[PDB]
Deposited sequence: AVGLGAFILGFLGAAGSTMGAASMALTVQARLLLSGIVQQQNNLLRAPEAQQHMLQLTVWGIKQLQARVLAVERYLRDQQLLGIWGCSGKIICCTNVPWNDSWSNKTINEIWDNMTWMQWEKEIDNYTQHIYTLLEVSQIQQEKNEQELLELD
């Protein structure tokens, strides 16, 4: 399960609300050989991708995180929409499709920002 929040089928705002509730409940505590092995192979792969991604994200300063806030401002040319228009009415699929062609630009900027901050900190 990579879709940790289960958002396909609902908008992003709802997904965030759902997470808060479920996380609380979880913390609170509120042929058979062939398919047996295949069922586990699937889980092992998913774990490996997860662990990998969690450290790869350090390149943007976001390792060990599910959610990570930046110091790179949004360029309105990439969307020209408000926060509620996007978060309340669009699903993640609709949203990523809307901005599918700015991805490399954005990722590049995130890397650059992280580099500059690391530089600035080591200078002191």
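Participant: Would you mind checking the deposited sequence against the model and listing the stretches with no C-alpha coordinates?
Facilitator: Missing C-alpha atoms (numbering from 1) occur across the ranges 1-7, 38-55, 150-153.
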